[PDB]
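If you read the protein sequences in the order shown, they are chains A, B, C, D, E, F and G.
Count the first sequence with the deposited numbering and you get residues 2 to 64, 80 to 153, in order.
Per the deposited numbering, the second sequence starts with residue 776, numbered consecutively.
Per the deposited numbering, the third sequence starts with residue 12, numbered consecutively.
Count the fourth sequence with the deposited numbering and you get residues 1115 to 1265, 1278 to 1307, in order.
Count the fifth sequence with the deposited numbering and you get residues 16 to 68, 81 to 490, 495 to 741, in order.
Per the deposited numbering, the sixth sequence starts with residue 1356, numbered consecutively.
Count the seventh sequence with the deposited numbering and you get residues 5 to 54, 93 to 180, in order.
Ideal Cβ positions, reconstructed from N, Cα and C, are used throughout, including at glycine.
Taking it in order: structure first as structure tokens, then the write-up.
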Amino acid sequence: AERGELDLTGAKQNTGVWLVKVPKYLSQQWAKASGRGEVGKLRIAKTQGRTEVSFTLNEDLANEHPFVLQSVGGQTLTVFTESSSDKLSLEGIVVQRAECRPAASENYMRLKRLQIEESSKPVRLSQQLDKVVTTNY
Amino acid sequence: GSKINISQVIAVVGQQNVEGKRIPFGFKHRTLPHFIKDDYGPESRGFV
Amino acid sequence: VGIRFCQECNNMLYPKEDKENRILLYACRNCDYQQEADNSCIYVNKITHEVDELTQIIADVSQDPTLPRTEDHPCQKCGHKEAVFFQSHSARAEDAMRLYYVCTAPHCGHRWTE
Amino acid sequence: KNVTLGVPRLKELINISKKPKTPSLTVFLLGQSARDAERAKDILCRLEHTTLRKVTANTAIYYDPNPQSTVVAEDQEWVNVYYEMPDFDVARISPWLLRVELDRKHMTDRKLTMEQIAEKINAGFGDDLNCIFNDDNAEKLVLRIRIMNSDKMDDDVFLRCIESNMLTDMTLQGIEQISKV
Amino acid sequence: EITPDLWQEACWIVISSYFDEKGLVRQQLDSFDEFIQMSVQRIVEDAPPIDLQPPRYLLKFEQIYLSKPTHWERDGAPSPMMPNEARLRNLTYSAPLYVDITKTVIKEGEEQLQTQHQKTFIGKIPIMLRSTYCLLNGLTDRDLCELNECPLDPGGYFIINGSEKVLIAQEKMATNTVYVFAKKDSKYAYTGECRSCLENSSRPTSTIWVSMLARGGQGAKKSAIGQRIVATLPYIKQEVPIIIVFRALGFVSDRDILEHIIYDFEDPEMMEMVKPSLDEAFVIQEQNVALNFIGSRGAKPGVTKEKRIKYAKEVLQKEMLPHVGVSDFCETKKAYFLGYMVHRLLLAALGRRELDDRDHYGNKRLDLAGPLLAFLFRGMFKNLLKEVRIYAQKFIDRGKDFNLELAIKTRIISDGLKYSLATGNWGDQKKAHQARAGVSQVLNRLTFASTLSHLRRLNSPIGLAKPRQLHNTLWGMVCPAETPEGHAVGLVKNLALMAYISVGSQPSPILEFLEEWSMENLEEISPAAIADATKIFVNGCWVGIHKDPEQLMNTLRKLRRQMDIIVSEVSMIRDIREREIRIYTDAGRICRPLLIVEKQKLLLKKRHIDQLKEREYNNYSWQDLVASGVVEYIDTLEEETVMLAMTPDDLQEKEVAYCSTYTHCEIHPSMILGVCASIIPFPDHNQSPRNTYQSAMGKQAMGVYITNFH
Amino acid sequence: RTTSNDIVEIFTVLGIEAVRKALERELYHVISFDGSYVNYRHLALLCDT
Amino acid sequence: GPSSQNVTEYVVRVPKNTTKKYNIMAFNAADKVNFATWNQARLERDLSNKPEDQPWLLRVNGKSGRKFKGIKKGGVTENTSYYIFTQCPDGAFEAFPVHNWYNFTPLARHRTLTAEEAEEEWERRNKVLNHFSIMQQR
Ligand SMILES: [Zn+2]
Ligand SMILES: [Zn+2]
């Protein structure tokens, strides 16, 4: 029992969690939802020799996201916490990695050009004046 | 002039060399991007 | 022929001979971690350098655009009468002009050298 | 093969360059060897400087405290042929063993023999390095090297150092600063 | 459809479209436009705020205001300046440079009353003609003739004191790229060259030298140790081992070190070759002693051990490979790149790769008007900030007030630009010994061909005949024929007809696309799976790996051929034999346009030729042709791994099989020659020394040169 | 009849007159290789001096 | 069986904000770490700088167990967002963005050579004898 001690109850329960990487538009939509309570549905389909994982966007959030699994044995991960009460605790061992890809093949880059334009909106360029400024000195 | 100049004008310019050896491999073991990789033929290595 | 590393401090292992049991004893001298090696080999050096280049060649070199493309000399595991031939072009590793055939099928990759 | 000529050679001759660019040394044979190709080949092999790097196929280091342990799969023959007479075996044999093998192509092409290089190893060093002589009946011309008996730096440092020392210069035959003839 | 036996008209139609849209001096005008638009803004933005004190004073900068080139007469009249008046009166052609000064006052009493000194004049920047920030832009034939300016003049030259000055592009070794070299006579056997710098904004090229120790001192225990690995680091007075530097980044476990160094753990001989360094680094087993060792051998040793700790941390943070990251937490990226650093050196040591050629002109880039003026502006803007700071401190030590109108000196920036663009000494005036000469020669006006040759010219920084030789890498990069006859053979060369030079772009959309397209990021990787995947390089720095090479390359090529978020100037490289992806975005690269061969047919169909044949009254030009995925800008880097066809009707068709996987076709074989060499007809029927002589003498041929000669 | 190309070693083994004769032969060989001939008097002068 | 055509459908929930900040570990599989050793843990600050922008420290079982040092990743999460999906009895997946990613490496626990005496074996630059027994003198 100390301030600097890390709780290890999560590792003793062998809790298994997943790591998901998503593109910026999905995270932006989830931030715009502002935690309403429902952002979408995740679908997991298992066949006789393959596993198919996909995510479905909410129809209210919009107004298919297939998931590709990745090898886990390359490196081991767990999840820890830092509280506002300064009590550190461990959640559990990461057991699976997930990668999110859009279903759009060529119509994705219509929005990607707009996103790059928004990113280059604060990119700053020099301006030309037709008449020289005579208010100096 | 010389008879070698006569031969180069009329029949064949001949094998062309750089620092003694033939044309080296500036690219990934090919003299020019037009020729196929891994070629030591006459046309691909500098012969006219 | 092969090396491994220490366990509890995760350091590089150095050899040691044993005075009592007369067995070679790989050990980390940043530790006291002692173990035997089943290989019983410490050092090998092929000075004439006849390594096997069949494991050296990447299986994806066949799908190169600017490599040659022959029609004869088919592959072994699959028929696929189309293949790529090239040389090693590795400096200081011999002087042979002998050709390295790779099958160009998308899921194959059995490479042979004749 | 060719020698340098022209402006760099003229600069090399008007100067007196302590190292030449491409030095050469034309040799004329005196008598019967001038017309015999075999005797000329003998002189060729006798003037070729042959380091141990060019003639040996590969090297290996093992650990055999028992002479009859025979960690190599096929070494038992000449070990039993030679080790019935324990030449200072009971003092020590330095269990760290050096093993090299000779490429048969480079063995035959240079027209030397395998006993004389072991003789030169035990002669140019003396009794500070034991040598084990094998037979040519085996497919691989294996040579086994062990350290002396009467004596820091453990054993691996000295063994690897002397291994490199054989591998860079022993002058098996020929004369130094002569690359090719 | 397909165009058989009609290639002669079609090729010259599309060359007509290219030369009608671009022209001949776009490598100057585009570079200067990029300098004026991005570079001065990036330089004035990436500058340290002036902090001084007592009340605290802070100064920050903002965007750039520019006007047309005017004149300051004796009475103060701001008359618009014409280039003809600049030539006649020995008058420099320039416009004032305007910023604002955001003066924020802190008196430790919540009295922050920020004042914005709007449109502050800080100096005069030169502008060269026919650029988009000059008076001659947009004028037609009639307006140019009425203004006594030649319409035939391509421009691209500055006017300093009435003398026409043109910037000749100077080549330099390519930044942020790891090389291997083998010095013949040096004590080091092999070496690695990674002359590197940040994204052309902060600090110049700082080099790193990883190298080899040759087999010396044989017979003794030195050969028993083996060939250790050594490097020399910037502002370290002597050499330093490698694993101690790896431990200096905070990675002490040598399993992780060899994991960064070795990617495949079933390679015994390479681990044997790297083993001599492990025996040498057995005296250092902790981070802080490594930092204290590497900091003790600097230029200025510290008084206390904490001083060496701080000096070593600073020199390994702010300077050690600035391009990969300087954000104080980028030690993982530095560890990965420093592993790959000598991973290439070991690959060259075992002979698995070959030694990279120095004069291969795909491994170096060109400093144009843009980068050179950016470097000059960086230097004397630092000088101007130093002058402003010292004047402000001296005048605030009294503590009366402060005024920005007289503190900023336009004199130093004006004479710096004018002097360095006039006399040719590139750099500070007092540092002319270390200043590179030969820049900004006097423009040759004997011949229009001579003028177009002098606008499009390269030069080498060499004061041995190896760099002078004509190289294989040049095919349609640099003209083979044109060479000065005198002492500068090989060094001074002119561009080809289609030699387009990269203007520069930012790699932020590149990273934005590559992160989204199923690529595992560099820090969040399994280090045991590096060897199976393919490395990703964007402007040299390692940003992660990808496990699906051809889908990534096909996606990138499909994005580029459709004018998507990737700029068509940006090039990507697939080295299959090494498993790397190299993507180059930065300026200095040199390129030529090429056709696209898909399956076994060209994408330049009859409809494109028909649209380009009636070019005008149909608003269809070269920029519309590249947007259709017909012509792709393939530079010298992608020429290492593609194929070219000499003629479609003669080679691309089906015959006795030589190849069937062509990727690109030549636009026309006669674009090899430069400006001078083009005017020679039947140059293949001549001898190459005679072509070289006449290309040298084509600049000396008199005649009419510029139409407004009177 | 055995000769060489280097000059310092043939000085250290035979003598300066052998240096004279070998320097003569090497200079004559390097000049008269391409077919251009030069008189012996200048060569003899330079080799003596 | 049922697993040959098993279909799973769960709900994704994102709460707006949590009072307790969440982060993520980084362990190499080649380190061969075990969780049965995890009986008592410490996680405190580094004191070499002398706090949020400063590298981390962690202790296992006091001084008896192994030691780690944590460093924040160099990349910024301006274009990246990582979520952790936790299993709960209600069956609805929870999606939580992480704040920072920290990299940790093990440290040796032995008599390391200090810098003030590290200069004496530099005169034996190539003259060094018996690499295998340098620790024996310490
Ligand atoms: Zn250990
Ligand atoms: Zn096959």
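- For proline 82(A), the secondary structure class from DSSP, reduced to helix, strand or coil, is strand.
- Chain-order list of chain A residues neighbouring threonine 437(E): empty, with the shortest C-beta distance near 11 Å, by a criterion of under 7 Å.
- Chain order is used for the residues whose beta-carbon lies nearer than 6 Å to a heavy atom of ligand 2, namely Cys86(C), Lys88(C), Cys89(C), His91(C), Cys114(C), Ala116(C), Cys119(C) and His121(C).
- Distances from the CB of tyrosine 44(C) to the heavy atoms of ligand 1 include at least one below 7 Å.
- Taking the beta carbon of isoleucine 1175(D) as reference, the chain C residues within 7 Å of it are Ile53 and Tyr54, listed in sequence order.
- Annotated three-state conformation of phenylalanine 320(E) is helix, per DSSP.
- Note on the stretch 577-649 of chain E: whole beta strand (DSSP E) runs with a minimum of 3 residues are 602-606, 611-615 and 621-626, in chain order.
- Neighbourhood of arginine 1286(D) in chain E, by CB distance below 7 Å: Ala251, in chain order.
- Chain order gives no chain E residues near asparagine 64(A), where near means a beta carbon separation below 9 Å; the closest approach is about 23 Å.
- Contact between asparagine 1180(D) and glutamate 1215(D) is ruled out by a C-beta separation of about 22 Å, above the 8 Å threshold.
- Non-local beta-carbon contacts of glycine 11(A) in its own chain, meaning distances under 7 Å to residues more than five positions away in sequence, involve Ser105, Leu106, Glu107 and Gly108 in chain order.
- Per DSSP, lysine 33(A) is one residue of the alpha helix (DSSP H) stretching across 25-34.
- For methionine 125(A) against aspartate 595(E), the beta-carbon gap comes to about 5 Å, under 8 Å, which counts as contact.
- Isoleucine 785(B) is classed as exposed because its beta carbon has fewer than 16 other beta carbons within 10 Å across all chains shown.
- Distances taken from the Cβ of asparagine 486(E) to the heavy atoms of ligand 1 include none shorter than 7 Å.
- Annotated three-state conformation of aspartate 680(E) is helix, per DSSP.
- In the structure shown, the three-state DSSP call for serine 441(E) is helix.
- Judged by DSSP in its simplified three-state form, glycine 90(A) adopts coil rather than helix or strand.
- The C-alpha of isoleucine 1365(F) is placed about 15 Å away from the C-alpha of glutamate 1126(D).
- The three-state reading of DSSP puts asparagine 168(G) in coil, since its state is none of H, G, I, E or B.
- Taking every protein chain shown into account, the CB of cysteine 89(C) has fewer than 16 other CB atoms within 10 angstroms, so this residue is exposed.
- Only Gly352, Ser354, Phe356, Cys357, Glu358, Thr359 and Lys360 from the stretch 345-362 of chain E bring a Cβ to less than 7 Å from some Cβ of chain G.
- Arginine 472(E) places its beta carbon less than 8 Å from that of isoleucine 737(E).
- The criterion of a C-beta distance shorter than 8 Å is satisfied by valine 662(E) and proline 624(E).
- 8 Å or more divides the Cβ of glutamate 600(E) from the Cβ of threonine 359(E).
- Taking the CA atoms as reference points, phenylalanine 802(B) sits about 36 Å from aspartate 1389(F).
- Around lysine 566(E), the same chain offers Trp573, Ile576, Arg610, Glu611 and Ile612 as residues with beta carbons nearer than 7 Å, after the five sequence neighbours per side are excluded.
- With a cutoff of 8 Å on beta-carbon distance, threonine 147(G) and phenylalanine 278(E) are scored as near each other.
- Of all residues in the stretch 71-88 of chain C, none places a beta-carbon less than 7 Å from a beta-carbon of chain D.
- Between the alpha carbons of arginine 605(E) and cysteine 224(E) lies a gap of roughly 24 Å.
- Against chain D, a Cβ distance below 8 Å from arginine 33(C) picks out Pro1179, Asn1180 and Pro1209.
- Rounded to the nearest whole angstrom, the CA to CA distance from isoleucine 561(E) to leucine 62(A) is 38 Å.
- Runs of the beta strand (DSSP E) lying entirely within the stretch 62-97 of chain C, each at least 3 residues long, are 94-97 in chain order.
- Distance check between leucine 399(E) and each of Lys636(E), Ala618(E), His350(E) and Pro107(E) places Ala618(E) closest, using alpha-carbon atoms only.
- With a cut-off of 7 Å, the C-beta of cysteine 20(C) is classified as near ligand 1, since at least one heavy atom of the ligand falls inside that distance.
- When distances are taken from the beta-carbon of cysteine 17(C) to the heavy atoms of ligand 1, the shortest one is below 7 Å.
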